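Undergrad: Fold the following and give me the result.
(chains A, B, C, D, E, F, G, H, I and J)
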Amino acid sequence: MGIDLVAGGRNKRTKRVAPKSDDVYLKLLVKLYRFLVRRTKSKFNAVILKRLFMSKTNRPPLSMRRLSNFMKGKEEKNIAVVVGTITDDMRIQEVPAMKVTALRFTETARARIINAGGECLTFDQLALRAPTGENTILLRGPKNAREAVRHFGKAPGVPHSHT
Amino acid sequence: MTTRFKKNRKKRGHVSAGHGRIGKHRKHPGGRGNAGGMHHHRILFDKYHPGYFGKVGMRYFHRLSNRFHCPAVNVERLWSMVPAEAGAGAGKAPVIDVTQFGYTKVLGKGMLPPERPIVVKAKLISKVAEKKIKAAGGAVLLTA
Amino acid sequence: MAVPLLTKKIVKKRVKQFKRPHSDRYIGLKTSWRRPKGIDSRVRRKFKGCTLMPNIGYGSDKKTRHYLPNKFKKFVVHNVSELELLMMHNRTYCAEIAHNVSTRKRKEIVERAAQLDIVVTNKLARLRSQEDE
RNA sequence: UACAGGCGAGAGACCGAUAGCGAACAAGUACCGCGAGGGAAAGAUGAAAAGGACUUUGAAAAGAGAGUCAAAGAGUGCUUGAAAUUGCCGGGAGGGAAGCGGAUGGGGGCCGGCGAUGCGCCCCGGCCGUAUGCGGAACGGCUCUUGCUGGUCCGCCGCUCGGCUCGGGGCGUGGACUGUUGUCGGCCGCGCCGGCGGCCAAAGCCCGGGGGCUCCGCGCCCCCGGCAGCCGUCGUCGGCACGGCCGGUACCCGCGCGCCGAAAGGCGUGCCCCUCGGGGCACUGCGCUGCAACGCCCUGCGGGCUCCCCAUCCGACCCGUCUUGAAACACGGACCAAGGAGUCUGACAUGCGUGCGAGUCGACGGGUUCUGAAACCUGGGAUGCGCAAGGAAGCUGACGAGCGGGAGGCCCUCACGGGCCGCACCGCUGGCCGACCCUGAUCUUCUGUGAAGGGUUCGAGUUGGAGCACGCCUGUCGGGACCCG
RNA sequence: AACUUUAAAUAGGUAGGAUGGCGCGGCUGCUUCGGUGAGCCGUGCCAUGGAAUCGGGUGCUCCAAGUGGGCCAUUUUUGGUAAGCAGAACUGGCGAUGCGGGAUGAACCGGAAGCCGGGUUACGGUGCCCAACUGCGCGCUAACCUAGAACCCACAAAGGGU
RNA sequence: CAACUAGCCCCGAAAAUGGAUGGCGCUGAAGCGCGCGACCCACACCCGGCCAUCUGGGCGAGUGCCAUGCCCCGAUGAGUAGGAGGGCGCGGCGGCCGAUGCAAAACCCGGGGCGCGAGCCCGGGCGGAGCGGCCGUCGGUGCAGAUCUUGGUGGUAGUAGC
RNA sequence: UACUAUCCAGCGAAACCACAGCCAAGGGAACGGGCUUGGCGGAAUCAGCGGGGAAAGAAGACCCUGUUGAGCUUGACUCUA
RNA sequence: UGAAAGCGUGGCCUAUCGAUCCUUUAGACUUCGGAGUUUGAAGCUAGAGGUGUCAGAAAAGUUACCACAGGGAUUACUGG
RNA sequence: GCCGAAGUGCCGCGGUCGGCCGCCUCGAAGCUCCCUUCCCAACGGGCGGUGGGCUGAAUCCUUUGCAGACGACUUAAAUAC
RNA sequence: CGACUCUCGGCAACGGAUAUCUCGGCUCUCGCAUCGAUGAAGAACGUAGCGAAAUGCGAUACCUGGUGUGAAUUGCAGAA
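TA: Numbering: from 1, shown residues only, chains lettered A, B, ... in the order given. This is the structure:
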């Protein structure tokens, strides 16, 4: 018909619960979020749903360093929602406690975080006790950083004049 | 349309460098020498990662010094430290420990932020000028 | 609801029948539809009279998909165990005796099927297998 | 440590007679070529030959009978016996007629299908019995030592009653594919009729007045004031008469629930306008979405499907390829069966998945075994966890970062918004490190040292890492490498 | 055209604000003979509010296929007598386009196409072919040396006729 | 009476296979110019029904289970090169379930039925020993061609001929 | 005038074939058996025939191109008996 | 240079030029690897010696004795 | 008797006979049983009943030469110029 | 109006596909060492009652001694 009309038909489609979701535990967890979100007022739990949909190859590991650094008395020991996993490459003995909830924890993290304080909470519990999703920060995690933006291949991706 | 000697991409990765261009390296030869004689390994391996496990690292044995203030030869704690002349350790991220690393070369000044007792000593062998005139003495402890 | 949808499917028909082009004059060239890949085909260009192409829009109502014209959903029934599943449906599903099954085993399927009250095509298939026109 | 020969063995997600080796069979045979060399085709009756005696026709080969067989629709054309082609015959069609071979419509020809025949009620016949007591148990909520409330069921006796099902009898309602007709609602067209206003309203006619033209006068014109009147065009509203199509409205579309009235339809009351005829306006909750009729379901027949004839139509020749364009006076293709071409690998990129994660990767190996496995385990080595140089090397890379937009959360506010914390991520400005260049304290084995302050230089860095292993698709390279030349 | 004082139209660029402005007060090796100024930081104030209109959402990143011979028409235009020619400029098509129209036609015209019923049109028609007024109205035309009859398009002129 | 203006008609206007307003024919046209109505009319437009795709919802509290389900939306859909998506069929392998000499597989069938299709299902006939479905796994995995390869068989043709 | 053809009895191929076969003009890959429009429109056929099927045989031998060869020549490049 | 403020990184502006290799030149720096010393050599950084098919192969003819892959992208020939 | 054509049909007469709401009656307007044209004319054919009548052609082998590729053409022979 | 031209079915003929078979191939893996002038590898031509072939053998010729097994060989004949 139109080219204008075709413009509406060629729209977006990011959209996907991931091409293959092998993990049954991931798959049931997103169903739990799916049920609660439409039965609650929570913008925050809706954001969680997207980050656990499309990819796992995008979910960022977050070290104990920097997790500690943004809860520095300007967040009074809330709940840290970590999309990917906690990793343990630091020793400071961090914050004297903190309740950290995540999708996955490393085995080292399970021991380390709880023996610094608080409790390693599961995302099942996050959904249970906060479908409301309040007093909460999705703490952080980067992959956009120095290594592996477009910095790929063999010899990266450059200052930029020619490549 | 294809005949896979066009869009397949020619045969060989030349003509992309040959007369065409983009990618890789350009302006090639730098220094040359050394041959198969003068060869492998000058190691640099950070002290900070062992400094994490310095506190609980009485598995590289402490002796007269305290449990917390721990003698550790870092040479035999670092895997593949062996074929290189010296490993000197960098301090990235803070260390809050009273560890003691023995090295064959040190990034000394490195010692100053964990000055809270650290033991940075030189490696007799680091000198080179020690008299093995048969005699006896210095070397470095080791493992793979 | 269900009844006018059945009427729409059966009476209208898109039994167009998707014949391959030049199937008629080349015997080996198959009756089965395959999409004209070349630009040069009239069928590809969508000339009318050259046999219209299969598209989704030709498709029937969702409810009336894979239904027998009785408005029963057809199920090929292999053995006695599978009849129990059909029993739940009754009216909605049909029993049709499989090709593999031989004549003696057909009889036990028929008598059980009668109890479920899903007599249609099940009995008919068996009767031929006995000896009958 | 090797092993595509030889000999003697064990196996495979091997191949299944155009495949597999050249060769399953007399195969390196037959055959081809002067030679060097080239090199096939070719497996299957059946359990057992029980491989058709005998009779008859025919010169014989064969045939026909018969015998045999579980089967000759198994007779050494031998299990099954596809396509093509050929024969017979049947059907359609027709010997007055034009062919892309099909689609579209109708008829023939051919054939399968079509609730077991439905419901309410009562009478007889038939069978069983609950409640409650008894007697034996799987259960429940739960508690969970322990406790209390709730079980149902079967055995089958007691004590009182009653019910159901198959068939028949007896009455009322009427259900069986499929085709047809009536209707309500929605949508759309259809022709026709009527009103008001706009356009100072005026064509118009009667009455009245003046002028011009004509100057032969009739007549013609023009204007102005009173008037039935009716007009073309613009806008709007109003009313009818019919039909197509779709659907029967399966939750707020529509509507009933007291009464009369075949019926449709109407029947409260207050208010206000009109104050006439009538009107508008207010006032309860539930339940719930298809109505009338005809044929027959079996007799019999609607129908579906194929060919044909007639009707109708794009018919660029049929497809593929090449090409700007293929029907092409481009190229290939008589027809059909069976082969027949993006594969597999090593090393790679991305994506996606899986594990574990500052690590990660068992399997060179060793232990062990139910044995090419599986299980177990070692130090690692490889890759990463820091870099940057050509190299020597590097105070030696730990002091540690802001800003703007930022999801989301927090706080306030009824909300709108405001404030607070701010991730992902993005952009930007710095510091730090190496290479490069300056700066060079206190010190010092005599030139080392590197505090300290900087730089239109440069890096695949740090400034708060992410990898590694395995796999799959696709891309990439070496390989015969999509197939063929 | 390779001249221009002059000088269009259609094209083309920029701006029309919270990615902004203003107040407060900090630093500098700059800049000022001078805190004079400049830039950049903290903190405060001002919303629909900065023409119109729209966003059946947009912004952003990675990676890979095909393409790498184009062809045509209207318009503009250079070479050439010209050409269905060779070569540019703009745009739409074909290529990747049937269907309807132009008798017929890859590109013109109309319109981009799911599957159908019913309505209604476009282009183009209404004597018959061929669905549809031999309808109404007002002219012109009588063609023996080619009557006339639909863009592109199937050609056609100077010049002549009491 | 003369010179003009511009309509149609006439001349200028001559080619070859016979011929083309497409044809017939048409003269108060069915011509030519023009007006006015009515009317005809594309896969376009509208309304309704319906398909998938995309978008937004919604409904799992378990104890009928596809929740990658089901249900309500509205808009959109040509499509070569090409990409991605979701399926179908075959062979074999691990699992699981079925079928059989009282007739398996195979093959035949102007016989029925399903699915948009890929294909599937079932009946009858032929046949005589093993096979298929479903869940995973894997390929020497699907044909119409290739002046294709190999086998069979036509028309040519009972003809050239001998 | 012989021997054929022809006609017979016997015997019996091949080339070749997308599907086939009546013209005219039109447009169109710009020269049609097929489309479009007109004209037409013998079953079933044989002997002939050389217009046509741009008939068939032969990936045009020419001509151009390919980063394709080979024969030859030399004052090519580079080596050498 | 000019009083200075200023101006000057060739020519008033628009053309007038050149990869890696290798050599050459400068830098007294690095390395020659079992340690030194010294010749010599090799590196790094910035110039020069140059490819005019000028983003940069190392190249002369003939073929009617010709061959092969393709082409109507293309000639000679018909038609338009 | 006419129309010669492509007359093949038309027109005139006279009874006989059917039909005639032409006119008048009877039971009756009901015989396709309460929408399903429900076939209804007759150009033609099929098929019986019965009253007549027609009493053969053609083709093969053979032959002629008038004629011919072969059919065919054109002659001849069955009881007689 | 037979016929012809065409089409299909049913039954066939044609043909050897398909299915189902397979004392075979194929490929991997394992064990093993072991030719000859002391006449080999390879060939030729003969020999079986009736044999063309393959297989076996060499004038001691489809075989011999010895040994194992313990009654067949077979198409027919035959020895007993």
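
Undergrad: residue ranges for the helices of the chain, please.
TA: You didn't say which chain, so I picked chain A. Taking DSSP state H as the test, the helices found in chain A are A:4-9, A:24-37, A:43-51, A:107-114, A:123-129.

Undergrad: let's do chain B instead
TA: In chain B, the helices defined using DSSP H lie at B:48-52, B:124-127.

Undergrad: out of those helices, nearest to chain A?
TA: For the helices of chain B, proximity to chain A was assessed by C-beta to the nearest C-beta; helix B:48-52 is nearest, at 4.8 Å. For the C-beta atoms, the positions are set from N, CA and C on the backbone; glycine is no exception.

Undergrad: thinking again about what came up before, kindly reformat the helices of chain A as CSV and extend each row with distance to RNA strand H and mean neighbour count.
TA: As requested, those are exported to CSV (distance: least, C-beta to the nearest atom of the strand, whole Å; neighbours: other C-beta atoms under 10 Å in any protein chain shown):
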stretch, distance to RNA strand H, mean neighbour count
helix A:4-9, 34, 8
helix A:24-37, 51, 15
helix A:43-51, 45, 17
helix A:107-114, 42, 16
helix A:123-129, 54, 16
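
Undergrad: So which residue is smack in the middle of the chain?
TA: You didn't say which chain, so I picked chain A. residue A:83 (2.1 Å; C-alpha atoms, centre = their mean).

Undergrad: oops, I was thinking of chain B
TA: Nearest residue to the geometric centre of chain B (C-alpha atoms, centre = their mean): residue B:44, 2.3 Å.

Undergrad: tell me which parts of chain B are close to RNA strand H?
TA: Chain B comes close to RNA strand H at residues B:19, B:21, B:27-35, B:37-38, as judged by C-beta under 7 Å from any atom of the strand.

Undergrad: mind checking which of the helices of chain A is nearest RNA strand F?
TA: Comparison of those against RNA strand F by C-beta to the nearest atom of the strand identifies helix A:4-9 as nearest, at 3.1 Å.

Undergrad: follow-up on the earlier one: just put the helices of chain A in JSON lines and tack on distance to chain B.
TA: Compiled in JSON lines, the helices of chain A are given as follows (distance: least, C-beta to the nearest C-beta, whole Å):
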{"stretch": "helix A:4-9", "distance to chain B": "28"}
{"stretch": "helix A:24-37", "distance to chain B": "31"}
{"stretch": "helix A:43-51", "distance to chain B": "28"}
{"stretch": "helix A:107-114", "distance to chain B": "11"}
{"stretch": "helix A:123-129", "distance to chain B": "28"}
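
Undergrad: and RNA strand E, which of these is closest to it?
TA: RNA strand E lies closest, by C-beta to the nearest atom of the strand, to one member of those: helix A:4-9, at 2.6 Å.

Undergrad: now the closest one: how far from the chain's centre is it?
TA: 34 Å (C-alpha atoms, centre = their mean, to the nearest Å).

Undergrad: do the same with stretch C:85-94
TA: So, by C-alpha atoms, centre = their mean, the centroid of stretch C:85-94 is 18 Å from its chain's centroid.

Undergrad: Determine how far the last residue of it lies from the first.
TA: Stretch C:85-94 has an end-to-end distance of 11 Å (C-alpha to C-alpha, to the nearest Å).

Undergrad: likewise stretch B:105-118?
TA: Using C-alpha to C-alpha, the two ends of stretch B:105-118 sit 15 Å apart.

Undergrad: still on that earlier bit, list the contacts of the residue nearest to the centre of chain B.
TA: Contacts for residue B:44 (C-beta atoms under 8 Å, 6 or more residues apart in numbering or on different chains) come out as B:87-88, B:90.

Undergrad: Nearest residue to residue A:44 in space, ignoring adjacent ones along the chain?
TA: Using C-beta to C-beta, 6 or more residues apart in numbering or on different chains and skipping residues adjacent in sequence, the residue nearest residue A:44 is residue A:133, 3.3 Å away.

Undergrad: Okay, residue B:52 and residue A:99: tell me how far apart.
TA: Relative to residue A:99, residue B:52 is positioned 24 Å away (C-beta to C-beta, to the nearest Å).

Undergrad: the more surrounded of the two?
TA: residue B:52 (19 against 16; other C-beta atoms under 10 Å in any protein chain shown).

Undergrad: mind listing what the more buried one touches?
TA: Under the criterion of C-beta under 8 Å, 6+ apart, the contact list for residue B:52 reads A:89-91, B:95, B:97.

Undergrad: tell me which element residue C:106 is part of?
TA: Using DSSP states H and E, residue C:106 falls within helix C:103-116.

Undergrad: That helix packs against which elements?
TA: Packed against helix C:103-116, as judged by 3 or more C-beta pairs under 8 Å, 6 or more residues apart in numbering or on different chains; DSSP states H and E, are the following elements: helix C:80-89, strand C:96-97, helix C:122-130.

Undergrad: Pull out the CA atoms of it and give them to me as PDB.
TA: What follows is helix C:103-116, C-alpha atoms only, in PDB (Å, rounded to 0.1, in the frame of the first residue of the first chain):
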ATOM      1  CA  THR C 103      -8.400 -57.600  11.300                       C
ATOM      2  CA  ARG C 104      -8.700 -59.400  14.700                       C
ATOM      3  CA  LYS C 105      -7.200 -56.500  16.600                       C
ATOM      4  CA  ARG C 106      -9.600 -54.100  14.700                       C
ATOM      5  CA  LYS C 107     -12.600 -55.900  16.300                       C
ATOM      6  CA  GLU C 108     -11.600 -55.200  19.900                       C
ATOM      7  CA  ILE C 109     -11.100 -51.500  19.000                       C
ATOM      8  CA  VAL C 110     -14.600 -51.300  17.600                       C
ATOM      9  CA  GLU C 111     -16.400 -52.900  20.600                       C
ATOM     10  CA  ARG C 112     -14.600 -50.700  23.100                       C
ATOM     11  CA  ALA C 113     -15.200 -47.600  20.800                       C
ATOM     12  CA  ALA C 114     -19.000 -48.400  20.900                       C
ATOM     13  CA  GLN C 115     -18.900 -48.000  24.700                       C
ATOM     14  CA  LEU C 116     -17.300 -44.600  24.400                       C
END
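
Undergrad: The residue in chain A that RNA strand H sits nearest to: neighbour count?
TA: Nearest to RNA strand H, among the residues of chain A, is residue A:162, at 9.8 Å (C-beta to the nearest atom of the strand). When counting by other C-beta under 10 Å, one arrives at 9 neighbours for residue A:162.

Undergrad: Not counting sequence-adjacent ones, nearest residue to it?
TA: Nearest one to residue A:162, counting by C-beta to C-beta, 6+ apart, is residue B:22 at 7.7 Å.

Undergrad: which residues does that neighbour contact?
TA: A:162-163, B:16.

Undergrad: quick check, nearest of the residues you listed to residue A:17?
TA: Using C-beta to C-beta, residue A:163 is the member of the contacts of residue B:22 that sits closest to residue A:17, with 36.0 Å.
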